[PDB]
12 protein chains.
Amino acid sequence: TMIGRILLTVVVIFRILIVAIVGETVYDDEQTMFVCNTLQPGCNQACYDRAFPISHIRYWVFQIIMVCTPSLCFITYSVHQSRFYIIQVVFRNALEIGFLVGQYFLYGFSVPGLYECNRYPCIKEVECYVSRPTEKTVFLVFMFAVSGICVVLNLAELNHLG
Amino acid sequence: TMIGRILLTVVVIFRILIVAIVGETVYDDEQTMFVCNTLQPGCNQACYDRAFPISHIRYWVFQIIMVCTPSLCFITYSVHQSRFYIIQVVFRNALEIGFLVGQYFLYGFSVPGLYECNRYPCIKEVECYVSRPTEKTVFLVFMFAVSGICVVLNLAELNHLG
Amino acid sequence: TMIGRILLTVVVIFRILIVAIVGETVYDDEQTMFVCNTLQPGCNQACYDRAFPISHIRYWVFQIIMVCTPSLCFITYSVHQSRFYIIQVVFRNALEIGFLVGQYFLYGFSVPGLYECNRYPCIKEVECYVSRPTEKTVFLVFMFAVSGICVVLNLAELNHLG
Amino acid sequence: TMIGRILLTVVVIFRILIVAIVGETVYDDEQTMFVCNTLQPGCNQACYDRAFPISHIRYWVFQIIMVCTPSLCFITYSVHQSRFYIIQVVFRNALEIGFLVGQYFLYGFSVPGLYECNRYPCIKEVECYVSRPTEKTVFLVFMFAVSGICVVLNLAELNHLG
Amino acid sequence: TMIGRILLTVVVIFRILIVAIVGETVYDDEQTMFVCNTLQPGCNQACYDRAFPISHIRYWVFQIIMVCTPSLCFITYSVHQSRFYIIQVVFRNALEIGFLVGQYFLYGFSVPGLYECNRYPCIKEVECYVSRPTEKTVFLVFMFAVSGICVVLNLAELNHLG
Amino acid sequence: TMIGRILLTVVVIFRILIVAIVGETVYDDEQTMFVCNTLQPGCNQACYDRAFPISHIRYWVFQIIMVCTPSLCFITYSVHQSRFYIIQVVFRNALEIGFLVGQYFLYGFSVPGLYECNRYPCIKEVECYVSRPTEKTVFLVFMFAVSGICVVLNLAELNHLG
Amino acid sequence: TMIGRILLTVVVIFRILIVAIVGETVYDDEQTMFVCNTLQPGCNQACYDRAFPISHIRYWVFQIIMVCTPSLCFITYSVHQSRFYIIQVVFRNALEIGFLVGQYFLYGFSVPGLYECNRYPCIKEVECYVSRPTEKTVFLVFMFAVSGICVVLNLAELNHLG
Amino acid sequence: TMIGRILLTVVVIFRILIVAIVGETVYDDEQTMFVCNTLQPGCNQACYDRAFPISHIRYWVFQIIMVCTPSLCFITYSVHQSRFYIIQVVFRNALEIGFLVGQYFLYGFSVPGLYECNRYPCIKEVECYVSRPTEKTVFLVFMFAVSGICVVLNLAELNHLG
Amino acid sequence: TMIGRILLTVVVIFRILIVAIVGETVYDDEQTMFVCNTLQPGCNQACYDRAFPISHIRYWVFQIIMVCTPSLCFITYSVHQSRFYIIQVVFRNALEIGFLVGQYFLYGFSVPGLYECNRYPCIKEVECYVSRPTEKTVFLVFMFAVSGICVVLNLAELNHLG
Amino acid sequence: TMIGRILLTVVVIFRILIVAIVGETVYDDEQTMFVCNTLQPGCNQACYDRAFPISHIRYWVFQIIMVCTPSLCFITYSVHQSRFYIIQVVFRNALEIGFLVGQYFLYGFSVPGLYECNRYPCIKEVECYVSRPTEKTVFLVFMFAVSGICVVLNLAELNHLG
Amino acid sequence: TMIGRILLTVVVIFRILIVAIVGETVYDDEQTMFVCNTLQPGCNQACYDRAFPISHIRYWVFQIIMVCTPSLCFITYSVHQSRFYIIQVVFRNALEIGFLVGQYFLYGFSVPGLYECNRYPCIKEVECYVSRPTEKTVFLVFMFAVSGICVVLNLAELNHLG
Amino acid sequence: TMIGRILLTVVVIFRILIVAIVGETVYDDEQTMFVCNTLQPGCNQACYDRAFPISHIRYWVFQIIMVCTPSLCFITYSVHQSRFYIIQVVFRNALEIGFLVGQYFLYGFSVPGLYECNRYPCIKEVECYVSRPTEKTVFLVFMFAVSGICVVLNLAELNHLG
């Protein structure tokens with residue numbers, strides 16, 4: 001139970017570093033290199049918006065910021081100065097399970113190279129083509145693995161205290 | 001009444017972080033990906049200007065900066081060194097209610113994908129198409145929720161002292 | 001007379017923050033989205049240069065830097081270490097009135113959406129179209145209001161000492 | 001055995017500096033200057049994705065971050081406060097050998113100027129042309145040499161203690 | 001003679017701030033908005049290179065860095081620890097007069113809007129058009145004025161000691 | 001022999017500052033403004049790669065970093081704590097002579113405005129045109145002069161101790 | 001009544017010559033120089049078809065051919081060989097009055113330079129521009145005048161016989 | 001029965017004149033003004049070929065030539081020189097009924113303005129737009145009416161002789 | 001008076017031949033090579049229509065046909081078969097004087113190379129450029145000379161009979 | 001045997017009329033509407049030349065002219081004036097069988113819509129698309145049928161005389 | 001003197017045939033393939049007009065028609081029916097010498113491939129390129145030779161009669 | 001010797017028909033489909049002019065017209081009315097041998113698909129691509145064969161008379 005805290009801290013810092021340093025530049029050209037086979041003005045905008053409603057990197061930044069709020073609350077309380085420890089552990093567990101489930105329900109496990117679109121002003125159905133699908137799939141899988149590790153560790157400690 | 005201060009501080013910091021880190025890059029391509037169905041030079045400029053007079057991110061930065069002025073005044077006074085506390089609380093309450101009302105009156109609750117324009121030099125009425133409407137709607141709703149929380153908390157403390 | 005100093009310091013810091021954080025990005029696309037109805041090479045350059053000789057943001061940065069020089073002089077003198085206080089107050093007053101008058105004479109109170117140009121190599125008179133006129137007008141008015149407040153406060157203190 | 005530690009530290013810092021300062025800007029135009037001889041929409045995307053599944057710089061950043069985790073664990077343990085030293089040395093050795101082998105299996109020793117592509121929606125086989133192949137080959141060879149040096153040094157110390 | 005040092009320090013800092021904060025962004029589009037009336041490939045490159053051999057901002061950065069070297073030498077000497085003071089004053093005077101003369105001989109007092117070019121591969125003489133000439137002329141004049149002030153002050157002190 | 005160390009330190013810092021602040025922005029448009037007279041897809045890539053195998057700025061950054069390694073080794077040794085001084089001086093001398101010779105053999109003393117290319121897929125020989133040749137020639141000459149000064153000084157001290 | 005036949009024959013031949021020699025080349029560019037202010041594919045086709053359902057020259061050729069059929073019938077009868085004369089005169093009168101009335105109801109008296117179109121796939125209403133409107137108006141008026149003359153003459157002879 | 005021959009001859013000559021003089025120029029731009037909403041090379045060719053397999057004017061020329069062959073045979077026989085009259089009348093009747101039926105089965109009674117296409121290399125279904133549909137519909141109806149008249153007359157004479 | 005008839009016949013035939021053989025091909029590209037300096041759709045059509053309301057060649061064909069009508073009337077009368085001779089001579093004289101006067105009032109004596117246009121949808125005044133002005137001026141002058149000769153001859157004969 | 005000559009003459013005239021009146025305008029756009037999926041200059045020319053070495057209409061005109069030479073020889077002989085009749089019949093038979101066989105060996109029975117090309121300067125194999133394949137197939141089949149009829153008739157008469 | 005008339009008639013007919021059959025199609029693309037190195041609208045029109053004021057083929061048609069007028073006069077006289085023969089011979093001689101001299105003074109003996117133009121709206125001097133110069137030079141020389149032959153023959157006969 | 005005249009007449013008429021009916025339309029697109037791999041304005045004109053100085057069809061028309069002049073002379077002589085027969089036969093023989101030799105020396109026996117050009121304004125050597133080379137080669141060979149036949153026949157008759 002001693003090493004579990006050390007590894008939780010290391011996993012958290014590793015995740016923050018990976019997201020902060022490289023993720024902002026895989027997605028930089030997401031819409032500029034999205035293209036559809038069509039001559040209709042406005043079809044690219046509608047089809048990109050329907051294929052990618054919220055970008056992965058925004059979701060990950062939001063999750064990272066939201067999973068650090070109980071610590072800030074505890075720190076502010078202690079600065080003003082055991083039950084608080086229990087409650088914040090419970091809240092962190094709940095938040096991390098919710099975020100992992102939401103990731104699975106929003107994105108799945110892969111990013112395909114083709115997309116079929118039928119939104120106005122596009123006439124009937126059109127075919128569109130995605131940028132960098134393999135790298136984005138790799139990123140998806142890596143983030144899922146890290147978040148799973150964190151969930152396991154927090155449940156470990158929750159059950160250790162009981 | 002003890003936790004209310006802690007949560008107000010946490011909400012303020014959370015809002016600042018969310019605005020500072022991600023909001024500058026959803027709106028980056030706002031005008032470059034705005035397009036209208038027309039062959040008239042200058043119509044895109046006029047229609048973009050009429051559809052989006054002040055961008056959301058400018059309004060939010062201004063609001064964030066303006067709601068922190070009473071604290072700076074109090075700090076400068078104390079550095080030079082109860083009535084001041086009362087007055088600054090009143091002013092903060094008023095400013096935050098004004099900004100929330102102004103947000104509601106300026107933008108509403110959604111960003112549509114189509115816009116109908118009838119400004120010179122456009123001939124009669126033309127149709128234009130917006131970039132990333134869903135993400136911008138999500139951002140709008142999130143910011144409204146946070147500001148509502150802050151209003152509630154400040155009224156709480158105002159009525160607590162009385 | 002006590003609060004006047006506090007509010008002058010707060011106004012100065014507020015102005016610096018507003019100029020530094022957001023103003024660099026309203027004007028970023030000033031020339032790339034300026035367009036004229038013409039087929040003559042070189043007409044866009046001449047008409048943009050005649051319409052906007054010095055950009056607003058350059059003038060504001062220069063003014064902000066120049067109104068802080070008497071303080072730097074006083075600080076350097078004191079570091080090396082009442083008449084100096086008097087003289088620097090006088091100089092600050094003069095500089096701020098000069099800059100406000102110059103702003104009024106250079107730009108006025110609005111930025112129009114159309115511009116009429118008659119400069120070589122343009123044949124006769126041509127019509128050109130501006131980017132983001134409403135936001136720029138709002139910025140103009142806000143900056144004028146802040147500078148007026150600062151002028152009033154400095155005259156207040158000048159007349160207080162006498 | 002005294003100098004070996006000094007040179008390991010120097011090699012690590014040298015590698016970090018080289019990757020951090022210059023590598024982000026050789027690869028900046030990787031996809032914008034990739035071009036294929038074709039008139040089919042979407043062929044450039046598919047052929048670029050098949051030729052470069054994971055960019056070199058992403059792999060190198062990931063490797064650099066992952067080879068510094070045992071040190072962070074040891075530091076966190078000591079902050080909380082010989083077997084740990086042994087175990088972390090073993091783990092570092094294993095990680096660095098794995099990463100070097102993976103580099104060899106993923107990329108080889110050269111980047112060619114031409115690429116032959118046969119992925120949908122491209123009709124039959126098409127020819128594509130790469131940007132900056134010589135500089136990228138030089139970078140590949142340099143990184144392999146540095147990582148080899150590091151492997152040798154860590155095996156040296158492992159066998160020194162035994 | 002007391003105030004002369006204070007004003008020299010203030011002028012130096014003012015010049016550094018003006019060059020560092022704004023000058024990098026007037027010249028950003030220098031070549032992208034340079035255009036010539038021609039259909040010959042390569043003529044724009046040759047004519048831009050002949051019209052602007054060294055950009056103003058490079059010259060000013062170089063001058064600013066080179067006029068601060070005697071101070072660094074004196075500081076390093078004193079850290080290791082009157083004749084040195086004399087010699088460094090002489091050297092600074094010489095360097096600043098040389099740089100002002102070189103500026104006058106390289107650029108003059110204005111930037112014109114048209115340029116006439118006769119370099120290969122351009123056929124006979126062609127006409128080209130410059131970006132932002134008025135702002136660049138204003139910058140030229142301002143920098144000349146500041147450097148003149150600095151020259152006057154340094155000669156003042158040189159003759160004061162004698 | 002006293003001043004020689006001071007001037008060596010000043011030259012090193014001057015070189016680092018010049019390379020770090022301005023050199024990254026002369027070369028920014030190196031490939032985007034390279035153009036050849038041809039209609040063949042892929043010829044620009046091959047001819048640019050053959051004309052500029054390694055960019056000047058990469059070579060200079062690498063050289064600057066590599067000539068500071070003996071100092072880092074000596075510092076790490078002393079932190080752990082005359083022969084080391086001797087050896088590191090010898091190594092620095094050798095490295096700086098090698099880098100100067102390599103510069104001369106790689107680039108020479110000028111950058112021409114035209115380039116003649118005969119690489120596949122270009123048909124026979126084609127003519128291409130370079131961006132900013134004069135500024136790049138000036139930079140080449142300046143860097144050679146500085147490195148020569150450094151070589152002279154290090155040989156001076158080597159022969160002083162003997 | 002003697003000259004009436006001579007002038008009828010001369011008018012008929014004059015009309016045939018004018019239609020046959022020049023009319024085919026005023027209308028040659030009717031659709032190639034028709035243009036609408038729009039970016040929608042297919043709008044030009046629909047708007048041209050709605051503005052000009054049957055071209056003038058087709059109608060005039062058809063009318064000219066149809067008003068010569070009674071003569072051909074009479075000639076064929078006589079070749080095979082007073083009541084027939086009467087009947088054919090009646091039929092010619094009726095046909096020429098019908099054709100003049102139809103011309104008035106189909107085309108009117110002018111061809112305007114602008115046209116307002118609201119047909120699918122055009123979005124809302126668009127503005128289109130016509131080629132050579134003045135010449136076509138002149139042709140319309142001339143043809144109406146000639147046909148009126150012919151009607152008058154044929155009624156003259158009809159009433160002469162009775 | 002006397003006039004029937006005269007009117008048959010007149011109808012035949014009228015049809016020949018109408019087809020020969022004007023029909024070649026309604027269809028002249030048939031493929032050059034056919035356009036589809038797509039970016040796929042080769043789709044316009046396939047969709048035009050599927051929409052219009054044999055052009056109307058070719059069919060009409062062929063029919064006109066083929067319905068005059070029995071007369072040529074009879075003329076050649078008589079030049080070499082009642083049963084032949086009978087047989088040629090029968091054959092003409094059969095040929096004209098066959099051609100009218102074939103017209104009805106090939107083309108129908110209208111030409112629509114839109115066409116829906118699903119032929120390779122077009123992806124799924126695309127929409128295409130036709131040139132001059134109303135004029136072509138008018139021509140179709142006129143030709144059907146004339147051919148009906150001719151059929152009626154030939155049956156009349158066939159039944160007259162019996 | 002004998003030769004006058006011979007020369008009138010020769011002049012008439014010469015004029016007909018010159019108009020019929022070459023004039024149709026100087027004017028063929030009249031609108032396709034007409035160009036204006038503008039980006040407004042529809043401006044070329046309006047400005048061409050205002051500059052050239054009726055083309056020269058149409059006017060000349062009409063005049064040639066109309067001056068031969070009295071001869072056709074006289075021929076038809078004589079075929080059916082001195083006062084008629086007198087009347088037709090008078091009518092021919094009147095028609096030829098009217099046509100010459102109309103030519104002078106419609107076109108003048110030259111065709112300029114530039115045209116200044118101020119018709120909707122053109123914004124203010126624009127400059128347009130004409131095709132083949134010198135050849136058209138030569139043609140104008142030649143036709144005026146020939147028509148003058150014909151007028152003189154017909155007046156000669158009119159006064160000869162009296 | 002009497003009717004055989006009449007039908008041979010009718011078939012010959014029918015074939016000449018069909019070829020002369022319509023065939024020149026199906027093939028008019030043969031190369032202008034031929035397109036290949038490629039960016040290589042010169043590939044369209046080579047692939048069109050390899051797909052269609054001799055156009056159908058040229059072959060048919062040549063055949064028609066060459067099968068009428070024996071008649072011209074016989075006519076010229078008789079004008080100068082039974083064995084000649086025999087010889088010319090034999091020659092006509094041979095020529096018509098040769099031309100039919102050559103048609104079968106050159107073109108076959110269909111024109112496909114796609115063509116696969118591998119000629120320099122095209123890189124590897126490319127796909128090209130044909131204009132009006134169905135109409136051209138119909139024309140091929142019709143011409144084969146007519147020529148077969150003619151062959152049968154000429155063999156008939158040859159065997160009739162013996 | 002007998003053969004001279006025969007050869008004059010043959011030369012005249014040969015010249016007419018050569019001009020009528022082929023000359024109309026060398027000059028067909030005269031302005032469409034004329035191109036200048038410039039970006040100025042309207043420069044091509046002015047430079048083409050200045051380089052080719054009257055096209056060769058127009059001059060040759062005019063000359064051919066004008067040298068046949070004396071024959072028409074003589075024919076008309078004889079139809080109405082030695083001195084006339086004399087006078088018409090004199091006139092033909094004069095006309096043919098005048099036309100040959102005018103050709104020499106208008107065009108010379110060659111058509112160059114380059115043209116240097118300095119007409120408004122072209123800026124300074126521009127270079128333009130001609131279509132088919134060699135064929136046009138050959139045509140010039142051939143026409144001069146034929147006209148010389150005709151002049152010689154007519155002088156021959158003039159001096160023969162005396 | 002009887003049939004030789006008949007076959008000469010037939011060959012002459014056959015050649016005239018083949019040249020007149022089809023040859024004008026193989027060469028119609030000769031320059032419009034000529035293309036070179038270059039970006040230099042004016043290079044296509046110079047290279048086309050150097051590759052094809054005189055077009056085949058012009059040479060063939062000229063030859064056909066010139067080989068019929070002796071017949072016209074003989075006809076004109078006889079109309080005015082054995083040695084003349086002899087002389088004209090000799091002249092025809094000479095002319096036909098000269099024209100065949102000139103054809104061989106001007107064009108050879110094939111038309112290649114590629115052409116290598118080195119004429120100003122083209123830089124060094126460029127590659128260009130020809131239209132319809134195979135058809136043009138076939139035409140060349142056919143014309144050579146026919147002219148050879150004619151030469152043989154005329155020599156036959158020349159030697160027959162002696």
# chains A, B, ... in the order shown; residues from 1 in each chain; ligands from 1
call {"tool": "residues_around", "arguments": {"residues": "residue K:148", "least_positions_apart": "5", "cutoff": "9 Å", "atoms": "only C-alpha atoms", "output": "JSON, numbers by chain"}}
result
{"K": [97, 100, 143, 153]}
call {"tool": "write_last_selection", "arguments": {"atoms": "N, CA and C atoms", "output": "PDB file, in the first residue's frame"}}
result
ATOM      1  N   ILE K  97       1.111  48.743-110.089  1.00  0.00           N
ATOM      2  CA  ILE K  97       2.360  49.296-109.572  1.00  0.00           C
ATOM      3  C   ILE K  97       2.124  49.961-108.221  1.00  0.00           C
ATOM      4  N   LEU K 100       1.795  47.211-105.491  1.00  0.00           N
ATOM      5  CA  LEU K 100       3.072  46.597-105.128  1.00  0.00           C
ATOM      6  C   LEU K 100       3.923  47.536-104.272  1.00  0.00           C
ATOM      7  N   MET K 143       3.765  36.195-102.435  1.00  0.00           N
ATOM      8  CA  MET K 143       2.866  37.189-103.015  1.00  0.00           C
ATOM      9  C   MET K 143       3.638  38.291-103.727  1.00  0.00           C
ATOM     10  N   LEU K 153       4.612  41.559-116.932  1.00  0.00           N
ATOM     11  CA  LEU K 153       3.825  41.192-118.110  1.00  0.00           C
ATOM     12  C   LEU K 153       3.003  42.372-118.623  1.00  0.00           C
TER      13      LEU K 153
END
call {"tool": "closest_atom_pairs", "arguments": {"of": "chain B", "to": "chain I", "cutoff": "10 Å", "atoms": "only C-alpha atoms", "output": "Markdown table"}}
result
| residue | atom | partner | partner_atom | distance |
| --- | --- | --- | --- | --- |
| B:39 | CA | I:41 | CA | 7.6 |
| B:40 | CA | I:40 | CA | 7.0 |
| B:41 | CA | I:39 | CA | 7.6 |
call {"tool": "select_by_dssp", "arguments": {"residues": "stretch 7-136 of chain L", "states": "helix (DSSP H, G or I)", "output": "PyMOL selection string"}}
result
chain L and resi 7-21+23-26+43-51+56-66+69-80+83-107+133-136
call {"tool": "closest_residue", "arguments": {"among": "L:51, L:73, L:146, L:95", "to": "residue L:12", "atoms": "only C-alpha atoms"}}
result
L:146
call {"tool": "closest_residue", "arguments": {"among": "L:47, L:158, L:141, L:79", "to": "residue L:128", "atoms": "only C-alpha atoms"}}
result
L:47
call {"tool": "residues_around", "arguments": {"residues": "residue K:61", "least_positions_apart": "6", "cutoff": "9 Å", "atoms": "only C-alpha atoms", "output": "short mmCIF file (atom, residue, chain, number, x, y, z; two decimals) with C-alpha atoms, in the first residue's frame"}}
result
data_model
loop_
_atom_site.label_atom_id
_atom_site.label_comp_id
_atom_site.auth_asym_id
_atom_site.auth_seq_id
_atom_site.Cartn_x
_atom_site.Cartn_y
_atom_site.Cartn_z
CA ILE I 18 -16.36 44.24 -99.99
CA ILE I 21 -16.48 38.86 -98.25
CA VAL I 22 -14.38 40.46 -95.48
CA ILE K 16 -6.89 34.16 -106.81
CA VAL K 19 -5.50 33.52 -101.72
CA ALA K 20 -9.05 32.15 -101.60
#
call {"tool": "residues_around", "arguments": {"residues": "residue G:13", "least_positions_apart": "6", "cutoff": "10 Å", "atoms": "only C-alpha atoms", "output": "list in words"}}
result
residues 7 of chain G; 69 and 72 of chain I
call {"tool": "write_last_selection", "arguments": {"atoms": "N, CA, C and O atoms", "output": "PDB file, in the first residue's frame"}}
result
ATOM      1  N   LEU G   7     -46.168  45.014-103.717  1.00  0.00           N
ATOM      2  CA  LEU G   7     -45.565  45.371-102.443  1.00  0.00           C
ATOM      3  C   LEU G   7     -45.639  44.214-101.461  1.00  0.00           C
ATOM      4  O   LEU G   7     -44.738  44.059-100.631  1.00  0.00           O
TER       5      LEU G   7
ATOM      6  N   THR I  69     -34.477  47.942-103.127  1.00  0.00           N
ATOM      7  CA  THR I  69     -35.896  47.600-103.154  1.00  0.00           C
ATOM      8  C   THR I  69     -36.622  48.238-104.339  1.00  0.00           C
ATOM      9  O   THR I  69     -37.474  47.583-104.960  1.00  0.00           O
ATOM     10  N   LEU I  72     -36.237  46.059-107.344  1.00  0.00           N
ATOM     11  CA  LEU I  72     -37.067  44.860-107.294  1.00  0.00           C
ATOM     12  C   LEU I  72     -38.516  45.182-107.631  1.00  0.00           C
ATOM     13  O   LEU I  72     -39.179  44.424-108.351  1.00  0.00           O
TER      14      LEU I  72
END
call {"tool": "residues_around", "arguments": {"residues": "residue I:36", "least_positions_apart": "5", "cutoff": "12 Å", "atoms": "only C-alpha atoms", "output": "ChimeraX atom specification"}}
result
/C:38-40,123 /I:31,41-48,114-118,122,125-131 /K:40-43,45
